[PDB]
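Enquirer: an experimental structure, sequence included, is below.
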Amino acid sequence: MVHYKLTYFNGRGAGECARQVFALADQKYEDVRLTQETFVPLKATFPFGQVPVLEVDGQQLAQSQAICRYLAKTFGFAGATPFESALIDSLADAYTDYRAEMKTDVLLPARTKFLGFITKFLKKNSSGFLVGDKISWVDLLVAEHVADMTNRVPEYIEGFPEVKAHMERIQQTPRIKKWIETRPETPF
Amino acid sequence: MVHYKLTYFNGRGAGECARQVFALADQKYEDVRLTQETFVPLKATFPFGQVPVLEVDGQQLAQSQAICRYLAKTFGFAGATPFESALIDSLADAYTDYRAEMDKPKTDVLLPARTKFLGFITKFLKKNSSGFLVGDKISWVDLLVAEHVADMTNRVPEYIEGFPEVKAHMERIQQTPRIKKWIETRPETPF
């Protein structure tokens, strides 16, 4: 059988979306979790000296969004058409920009900008997903962040009811909900 | 016929890889180059308040790399298999990281950053006999890398010293007839 190994740290972080894509797919994988200590001397073994790295039948693929997208396309969670896939990619790029800009003072104004943009996509889509009529990897990516932020800073969601509903919808999807219940509890 | 409009500033910048995909595909498109002054009233109309934005038959798609990957898949420049396309993606994302890292700046940030990044790029080149980064055919990440390398080497001749394979790649890509033609004919801009 095809063999998937995902190497990351012992935390959600940049490895989590890939993990949730596997969960959605009901796909078995090897979940390898490194500590800072054991990672650092292994750096040269990875394509760009960083984690996460996926191995598919032993072949390495690095970079979190490249890994998520690859797995999503493999399992059917990257949109229905090429333009849908591209729209999902654009939202995921917008996310990475928003993360970079934070970088109370920084978290609030970053999120009103980003969540305003997200909300536009949600309101024009009757399905409840960000793009098209089916769950995608960017839904996972965004819902997980929003849950995380709302967990740490409860007023994160205030003023964004469509975004709240989306977070709840995605995180209650049976295979995601299960994964969230069963995954290792980590500070990040 | 399918109608493509690319909106960006009057420069290479974040719009150029898309322009070069179009060139490579011999696809006509509307190349809209805004001034800051005409951009201001248009900002609210873009998906994330920024450019570049592509319209395909009037439907907007924002974000540089999303645009390039889309165009590249449309036209056949995103690898031969799903895994190739993911490797290409991984290189473009490594590029992005490198750009984040990078006279005084030359020596303090540029050259260190480029040693690390060009080392990674060189490893990909030297394991592939074709002369491309991934697979046996040109892809959009070849375009993105070669353009950056050309640009930096224009600014800082020593950029390419130590990286002959990267230079060779830059020249191969930029002499590809449709790309050469575009480079010869594009507006000359400071960025």
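Expert: Ah, there it is. Residues are numbered from 1 along each chain as shown, chains lettered A, B, ... in the order given.
Enquirer: how about the residues of chain A near chain B?
Expert: With the criterion set to C-beta under 8 Å from any C-beta of the partner chain, chain A comes near chain B through A:47-49, A:56, A:59, A:61-67, A:69-70, A:73-74, A:82-83, A:85-87, A:89-90, A:92-94, A:97, A:100, A:113, A:117, A:120. Backbone N, C-alpha and C define where each C-beta goes, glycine included.
Enquirer: list only buried entries from the residues you listed.
Expert: A:47-48, A:56, A:61-67, A:69-70, A:73-74, A:83, A:85-87, A:89-90, A:92-94, A:97, A:117 (16 or more other C-beta atoms under 10 Å in any protein chain shown).
Enquirer: after the longest helix seen in chain A, which helix or strand is next?
Expert: Longest helix of chain A, by residue count under DSSP state H: helix A:82-101. Going down the chain from helix A:82-101, the next helix or strand is helix A:107-123, by DSSP states H and E.
Enquirer: any buried residues in that following helix, and which?
Expert: A:110-111, A:114-115, A:117-119, A:121-122.
Enquirer: save those residues as a markdown table, and put in distance to residue A:184 too.
Expert: Output for those, formatted as a markdown table (distance: C-beta to C-beta, whole Å):
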| residue | distance to residue A:184 |
| --- | --- |
| A:110 | 28 |
| A:111 | 27 |
| A:114 | 28 |
| A:115 | 28 |
| A:117 | 32 |
| A:118 | 28 |
| A:119 | 32 |
| A:121 | 31 |
| A:122 | 30 |
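Enquirer: ok, of those, which one's closest to chain B?
Expert: residue A:117 (5.2 Å; C-beta to the nearest C-beta).
Enquirer: got a list of what the closest one touches?
Expert: A:94, B:47-49 (C-beta atoms under 8 Å, 6 or more residues apart in numbering or on different chains).
Enquirer: ok, how many other residues are close to residue A:31?
Expert: Residue neighbour count, defined by other C-beta atoms under 10 Å in any protein chain shown, stands at 17 for residue A:31.
Enquirer: for it, which residues count as its bridge partners?
Expert: Taking DSSP bridges as the rule, residue A:31 bridges to residue A:6.
Enquirer: span of stretch A:16-32 from start to end?
Expert: 12 Å (C-alpha to C-alpha, to the nearest Å).
Enquirer: in it, what's buried?
Expert: Quick answer for stretch A:16-32 (16+ other C-beta under 10 Å): A:16-25, A:29, A:31-32.
Enquirer: do the same with stretch A:29-42
Expert: For stretch A:29-42, by 16+ other C-beta under 10 Å, it's A:29, A:31-33, A:39.
Enquirer: coming back round to it: summarise which helices and strands the longest helix of chain A is packed against.
Expert: Using 3 or more C-beta pairs under 8 Å, 6 or more residues apart in numbering or on different chains; DSSP states H and E as the contact test, the elements touching helix A:82-101 are helix A:64-75, helix A:107-123, helix A:137-152, strand B:59-62, helix B:64-75.
Enquirer: mind giving me the domain ranges of chain A?
Expert: A:1-75+A:173-188, A:76-172 (curated CATH domains).
Enquirer: run the chain-centre distance for the shortest one.
Expert: If I follow you right, that is domain A:1-75+A:173-188. 11 Å (C-alpha atoms, centre = their mean, to the nearest Å).
Enquirer: now the longest one
Expert: What separates the centre of domain A:76-172 from the centre of its chain is 10 Å, taken as C-alpha atoms, centre = their mean.
Enquirer: hmm, what's the outermost residue in chain A?
Expert: Relative to the centre of chain A, the most outlying C-alpha is that of residue A:41, 26.9 Å out, by C-alpha atoms, centre = their mean.
Enquirer: from chain B, how far out is residue A:27?
Expert: 15 Å (C-beta to the nearest C-beta, to the nearest Å).
Enquirer: actually residue A:157, not the one I typed
Expert: The value you get for residue A:157 to chain B, if C-beta to the nearest C-beta is used, is 20 Å.
Enquirer: burial of residue A:52, as a residue count?
Expert: Counted with other C-beta under 10 Å, the neighbours of residue A:52 add up to 25.
Enquirer: so who does it touch?
Expert: Contacts of residue A:52 (C-beta under 8 Å, 6+ apart): A:6-8, A:14-15, A:18, A:62, A:64, A:67.
Enquirer: and for residue A:81?
Expert: So residue A:81 contacts residue A:132 (C-beta under 8 Å, 6+ apart).
Enquirer: now do residue A:91
Expert: Here residue A:91 is in contact with A:118, A:121, A:130-131, A:138, A:142 (C-beta under 8 Å, 6+ apart).
Enquirer: for stretch A:59-79, C-alpha coordinates in CSV please.
Expert: C-alpha atoms of stretch A:59-79 as CSV (Å, rounded to 0.1, in the frame of the first residue of the first chain):
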residue,chain,number,x,y,z
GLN,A,59,10.2,10.5,-1.8
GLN,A,60,10.3,13.8,0.1
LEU,A,61,8.1,16.7,-0.4
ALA,A,62,8.7,19.8,1.8
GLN,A,63,6.8,23.0,2.6
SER,A,64,3.5,22.9,4.5
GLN,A,65,1.2,24.4,1.9
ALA,A,66,2.8,22.3,-0.9
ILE,A,67,2.2,19.2,1.3
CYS,A,68,-1.4,20.2,2.1
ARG,A,69,-2.3,20.9,-1.4
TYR,A,70,-0.7,17.7,-2.7
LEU,A,71,-2.6,15.6,-0.2
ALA,A,72,-5.8,17.5,-0.8
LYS,A,73,-5.7,17.0,-4.5
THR,A,74,-4.9,13.3,-4.0
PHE,A,75,-7.9,12.8,-1.7
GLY,A,76,-10.4,15.2,-3.3
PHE,A,77,-10.3,18.3,-1.0
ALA,A,78,-8.9,20.8,-3.4
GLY,A,79,-11.9,22.0,-5.2
